[PDB]
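Structure, as structure tokens:
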RNA sequence: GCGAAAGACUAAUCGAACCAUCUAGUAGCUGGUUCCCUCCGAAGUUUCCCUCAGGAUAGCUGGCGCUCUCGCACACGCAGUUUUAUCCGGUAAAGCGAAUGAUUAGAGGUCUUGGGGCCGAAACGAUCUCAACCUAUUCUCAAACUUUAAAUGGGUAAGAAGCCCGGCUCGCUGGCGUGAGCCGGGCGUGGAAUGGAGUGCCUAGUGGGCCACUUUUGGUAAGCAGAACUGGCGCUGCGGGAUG
RNA sequence: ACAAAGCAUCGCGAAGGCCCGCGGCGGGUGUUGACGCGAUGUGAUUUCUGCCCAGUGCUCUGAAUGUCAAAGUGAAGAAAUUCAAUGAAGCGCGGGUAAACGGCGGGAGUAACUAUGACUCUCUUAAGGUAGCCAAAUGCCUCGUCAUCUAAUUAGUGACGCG
RNA sequence: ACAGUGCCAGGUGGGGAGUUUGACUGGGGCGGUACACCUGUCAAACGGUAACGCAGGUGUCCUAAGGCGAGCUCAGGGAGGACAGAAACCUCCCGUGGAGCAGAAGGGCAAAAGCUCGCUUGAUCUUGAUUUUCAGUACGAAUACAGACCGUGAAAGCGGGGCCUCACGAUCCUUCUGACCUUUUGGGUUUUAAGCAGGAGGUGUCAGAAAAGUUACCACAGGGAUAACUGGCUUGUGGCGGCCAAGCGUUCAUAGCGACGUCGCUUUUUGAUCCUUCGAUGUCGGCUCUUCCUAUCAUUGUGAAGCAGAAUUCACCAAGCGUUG
RNA sequence: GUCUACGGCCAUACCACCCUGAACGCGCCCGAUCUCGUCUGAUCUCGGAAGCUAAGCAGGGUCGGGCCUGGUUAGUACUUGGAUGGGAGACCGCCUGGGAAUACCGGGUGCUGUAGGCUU
RNA sequence: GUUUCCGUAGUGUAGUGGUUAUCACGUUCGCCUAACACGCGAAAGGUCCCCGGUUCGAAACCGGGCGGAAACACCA
Ligand SMILES: [Mg+2]
Ligand SMILES: [Mg+2]
Ligand SMILES: [Mg+2]
Ligand SMILES: [Mg+2]
Ligand SMILES: [Mg+2]
Ligand SMILES: [Mg+2]
Ligand SMILES: [Mg+2]
Ligand SMILES: [Mg+2]
Ligand SMILES: [Mg+2]
Ligand SMILES: [Mg+2]
Ligand SMILES: [Mg+2]
Ligand SMILES: [Mg+2]
Ligand SMILES: [Mg+2]
Ligand SMILES: [Mg+2]
Ligand SMILES: [Mg+2]
Ligand SMILES: [Mg+2]
Ligand SMILES: [Mg+2]
Ligand SMILES: [Mg+2]
Ligand SMILES: [Mg+2]
Ligand SMILES: [Mg+2]
Ligand SMILES: [Mg+2]
Ligand SMILES: [Mg+2]
Ligand SMILES: [Mg+2]
Ligand SMILES: [Mg+2]
Ligand SMILES: [Mg+2]
Ligand SMILES: [Mg+2]
Ligand SMILES: [Mg+2]
Ligand SMILES: [Mg+2]
Ligand SMILES: [Mg+2]
Ligand SMILES: [Mg+2]
Ligand SMILES: [Zn+2]
């Protein structure tokens, strides 16, 4: 009652017919896997961002009016 | 049927090459890795802690972690069809900066530079690479010789 | 193998290492008004034959020894279990083997 | 005794050297891969006559024996006992196998047929590639014919097919015969019993100082 | 039940009757399975199995679909492709005067030492001889060797998720910075060739396969046994290969 | 082949042996009584019935300090309880029994041809195959060896016998 | 006052019942374990790959045989040095690694991972992520991080067992520990019991059946996926035949022979194999009767001989008719 | 040029031997009051500074071993695809691409990183 | 062929866990005996089959072998 004990025969044919998809990689992949002491921290970075938006907005408008003046001084 | 053990068939991979049996040159763990950087795995005998394993000895992947003496690294591994982008935790010793990317970067730095310049001209410069064209009509010249006559040489049995 | 009788290590309740007293564990006497048994008895009672399993097919020749640590400092006394690899010969504080000595 | 050479004529398998891995090897039939005046000199004995295989095959140890002997017999006659060297250059050495004869008694009842098919050591054989030398001989330049035919008889203990060829070297060296008398007289080459040392313009000068002295 | 005993006999019935019912008993096992046409269209491959005649799940298939692109002078993507970079790789070959392992031969050496001689009481005394070692050599080899070391092969990469400016946050890290995260602005075809791309359910059959080139393991050899790689047949005719 | 007659064991004095039945104060032997009933073994006649109770059985006014339930009695407790001592038969020990199942062995030297060996070493075991018998319906090696019967015999008979 | 019957308990009970009595497996039965793992190889240079392919190991042991930390240098050889000799003891020199590193190998290792000592418990408690076996499920084993509490070290670090690859195991069951934990229920208190979370008992067929035989008295489903004939292939063995040629043959190779070697056929020997057949092709011999082959024992015609005759072997055409009681 | 301190890549650096050291250091050296360590101040620690380049080291040398390149062997060996090529078979031939290794010949012999000297 | 079992003094045979080797017999020497037996006192004798490995060390523990033994080789 003996038989075959493997083969990897047509096969190439199969796990290949539908393709072999090189894994569709998004931007913005998961941070799960990373050392907790990164995340522990970068969440205090991410959480206390808005504290410091007043600077951010004014300091934007400074650069925006300085570059409205740079492009207008070119004109 | 064979043994599954993690380090079968590694007798002669992980084996350090020649006359390098010993102190791991220190440079190889004082160059900086950081997430995004592409890295070639290359297993090593000397240090066994934080080894990769043969099914990715000699692959490349990007780095996604950096721990105190290891680098979490995402590599693609083929497995009866479906390739799996998958993540391992390999100690620095077994890793390098692949220069794979580093033709491009030097090609970028050149193209942005050659585009910003020749914009004040407006002349269109050949930015893309292009495969090796057919070799152009040239001439040759002999001067004061005819060429040398070859004859196939008569066989005699050497031993 | 061998192990010593004392053993400074983590006492859960203290939140600290402390000296523990090592001694190996033996099984309890088996309860009889434990649910499992109560049910094994009186399924297997009445005019029925044997119901539940019993091996006649051992294999290994050795059990994982278990140390029964307990905290020396009083009021802790919080005993904790610490399993160990297998050995077919196990001792507590039986000498320190020596080095460089004559083997008579 | 053994199956006829036929069945182990051809190299199918990877070399089985007698080693740790196989053991209980019966000692190789052949034992002397040179005879005659192996006490000769290079300078008195100038004719590297050769026997060369033309086929990728295996040669039994017991063929090599015969092949040798029948060349010791014809040379002797021919040249005399002192007047040659013969060298065999294939010491049999990958080991050949035999399933253990499918032994059974009378009508029999059980052989098990194929289980544990792997045999035992039977003997020993040489690997031989094409254009590769098997036997070589040296004599006097005089006595060419008497080499030719000695190897000629040896071909007939010996399967497949194989040419007899006369070399361009001093006897048993690698140094092309048109060239010794010169290369010795100036000492690129220095006599060393059978063979000869090539001495180059390399080592310390006091090595030279000994020659041309 | 009955047997002077032979598993004899119990009404053509006996290793233990016949009749009815439970009764559609159960069956991984034989056999069969009923109208047309159109389209796509296998597997005998994966791991667990009281598993080897079967199941479990890997596959491959169909159907059902959906998200979009745009061939509507005005496309990104993907890929049994190929280049250019770049790693990875230990097979063929080779070598073995590079390690290990075998092994021939001579020159050489009281190396050592020996054990026999022969000439010596005996004497590295003479001369032989053979052991072993080793100094230059040479013959020939290794699947469980390797200094070298291909061909064929396997990763990446060849940009908009990309460069380049500005600025903020942090409990991590540090003499300061890093590092990471964010906001804000500045900047486009980035080797060839091909073709519209994406992703979600149900899910049958199948899970005995066989053959060829080349590679290759058993075997002596087979139409023998077992792998690789590819190619077939199964599953599918036809011209040829007289036949197959 | 079975039976058979003959030989042999074995239980049984009826609140019994053996036995039936589902059950009764049920039934067969049994309208019986050991010269009977039941249970076996071998197989007329003649001659004989060798050793072994080391195993397993069987069995025995045999100790049962071996253990051992129920109940029974001891105790703590608040109770389920829990923990004590004691303890049948069979189980553990000791005898008997083989016309119960059965079993019944290897090694050297040593004699005046050679050989062989009356003799004398070991060792083991529960005894260690005795009288016979044997190439038998038991013998692998096997056309055992010798005799006879045949012109010729793997056939037959007669001997031999480490069987 | 037991006999006796009622009913529990323990023994004894193929007298009787039901049941089981692995798989792998050149058929099977008896041989092994290829039933879980681990080295070297096959294995065709990313990974993977079989057979009862090879060549081997494992079910281990360690209070340290780990963690640090320190300290030194290993096998072997030479030259020296009382007794002392191929080996005790010492000292110099050489000593890439020939030692050593609990074990199979395999990889790894030197002011180390080799050796010696001091200090000890990082073999400790705790979430998560990943690798490996992959379905990419478990277990086992590993890798990286993080949080406690600690050893060591001037310190950097290093250390969650044992330089890396094996060295162990579900459900249900049992036990021990842990928390002023939850339930124990119409309330409450104590026992008791059930949870919850960690450890142990264990399935050796290693993802985990509580299990002896025999059937020639046998049965049913099946089976050419499994044997015993026939047939194919194969040809080891058998038989037959060449070549080379050392010899024998008084001498002389080859009249006749012919070693050590070597090249073939043949299918009248046995093996392998398992292609056909298991809705079964009658299974050994004997008789009779045909026909064919030649692998010529006779006879016809021939060539050989070491052929004088006589007698005899070698060979050719040759299968014409012979091969008996 | 050169050295020291710390270094990178780890022999073009190693090894074997030969030659020369101006200054500063680098060394050799001298001793054990303390620290510290030993059987021994043999090594380590420490306090020094009476000598000399004796060696290291440094600097140089060798038709020197070695290592590192080149060549050669060699378009050889081997190989991707290829054919209704040859060959009884082993094997061999060609077509399309790729293409090693030894012996044998050559050349070279460590480059520099920061901090600090000296030759003012 | 496959599965077992042995091998130790001149011979038959003990023995241990890894430090050590026995018994009986045999034999050599005395004594007793007129002389042999018997009896009594003294004595010497193997690489623990050949190996490689482990180990402080092996007769004894692995692996290989060599010699002597036993046991299976069932359906056709
Ligand atoms: Mg009951
Ligand atoms: Mg019967
Ligand atoms: Mg390999
Ligand atoms: Mg087949
Ligand atoms: Mg009887
Ligand atoms: Mg009797
Ligand atoms: Mg008895
Ligand atoms: Mg008798
Ligand atoms: Mg008779
Ligand atoms: Mg008759
Ligand atoms: Mg029964
Ligand atoms: Mg079976
Ligand atoms: Mg491969
Ligand atoms: Mg250290
Ligand atoms: Mg921690
Ligand atoms: Mg260690
Ligand atoms: Mg209640
Ligand atoms: Mg109440
Ligand atoms: Mg019968
Ligand atoms: Mg078949
Ligand atoms: Mg079929
Ligand atoms: Mg047949
Ligand atoms: Mg003659
Ligand atoms: Mg019929
Ligand atoms: Mg003829
Ligand atoms: Mg001093
Ligand atoms: Mg100096
Ligand atoms: Mg000097
Ligand atoms: Mg040189
Ligand atoms: Mg074609
Ligand atoms: Zn505590």
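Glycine gets a Cβ as well: all are built from the backbone with ideal geometry, and neighbour counts include every protein chain shown. Each reported figure results from applying straightforward, stated rules to the coordinates on display, with no laboratory input.
Observations, loosely collected:
- Entry note, the protein assembly as shown: the mean residue ellipticity at 222 nm calculated from DSSP H runs of n ≥ 4, each adding -39500 (n - 2.57), is -5000 deg cm²/dmol after division by the residues and rounding to the nearest 500.
- Modelled FRET efficiency - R0 22 Å, residue C:55 with residue C:25, Cβ distances, 0.05 increments: 0.50
- Whole-number Å³ per residue for the convex hull built on Cα positions in the range B:62-112: 122
- When restricted to Cα atoms, chain A yields an Rg and a Dmax of 28.4, 92 Å, respectively.
- Cα shape, chain B, gyration tensor, a/c 1.5 rule: oblate
- Of the three principal axes defined by the Cα atoms of the range B:75-159, the extents in descending order read 64, 61, 31 Å.
- Compared with the dominant Cα axis of chain B, that is its longest principal axis, helix B:106-116 is turned about 60°.
- C-alpha long axis of helix D:144-154 to longest principal axis of chain D, angle in °: 10
- Equivalent ellipsoid dimensions for the range D:56-164 as semi-axes, Å, which come from the Cα gyration tensor, largest first: 40, 14, 11
- Extension reserve of the residue D:102-residue D:161 stretch, reckoned as 0.36 nm per residue once the Cα distance is removed: 18.0 nm
- Stokes-Einstein diffusion for the range C:1-55, with the hydrodynamic radius set to the Kirkwood value over Cα pairs and evaluated at 25 °C in a medium of 0.890 mPa s, equals 156 µm²/s.
- Ranking of D:57, C:70 by count of other Cβ atoms within 10 Å, fewest first: C:70, D:57
- Mean-position separation - Cα centroids, the range C:71-87 and the range D:93-158, in angstrom: 73
- Förster radius 45 Å - calculated FRET efficiency between residue A:25 and residue A:62 (Cβ-Cβ, nearest 0.05): 0.70
- Along each principal axis, taking the top coordinate minus the bottom one, the Cα set of the range D:103-206 gives 78, 41, 23 Å in descending order.
- Between the Cα long axis of helix D:61-74 and the first principal axis of chain D there is an angle of about 40°, rounded to the nearest 10.
- Simple label model, 7 Å out from Cα along Cβ direction - residue B:146 to residue D:13, nm: 6.2
- Computed from the Kirkwood radius of its Cα pairs, the Stokes-Einstein diffusion coefficient for chain C at 25 °C and 0.890 mPa s stands at 137 µm²/s.
- Each peptide among D:43-50, A:51-58, B:63-70 gets the average number of other Cβ atoms lying within 10 Å of its residues, and from highest to lowest they stand as D:43-50, B:63-70, A:51-58.
- Listed residues D:128, D:199, D:147, most fluctuating in chain D (Gaussian network, C-alpha, under 10 Å): D:199
- Cβ-based exposure ranking for D:170, A:15, B:124, in which fewest neighbours within 10 Å come first: B:124, A:15, D:170
- For the range D:14-77, Kirkwood radius (reciprocal of mean inverse C-alpha pair distance, Å): 15.1
- Per-pair calculated FRET efficiency, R0 = 30 Å: residue B:99 and residue B:46 via Cβ, rounded to 0.05: 0.80
- Three-way shape label, the protein assembly as shown, alpha-carbon gyration tensor, a/c 1.5: oblate
- Cut-off 15 Å (backbone N to label point 7 Å along Cα→Cβ of residue D:210), residues of the range D:170-198: D:187-193, D:196-198
- Projecting label points 7 angstrom from Cα along Cα→Cβ for residue A:10 and residue B:121 puts them 6.1 nm apart.
- Each of D:34, C:95, C:41 was scored by other Cβ atoms within 10 Å of its Cβ. Arranged with the fewest first, they read C:95, C:41, D:34.
- Residue B:30 versus residue D:31: modelled label distance in nm, points set 7 Å from Cα along the beta carbon direction: 6.7
- Global geometry of chain D, whether rounded, prolate or oblate, following the gyration tensor of its Cα atoms and the 1.5 cut on a/c: prolate
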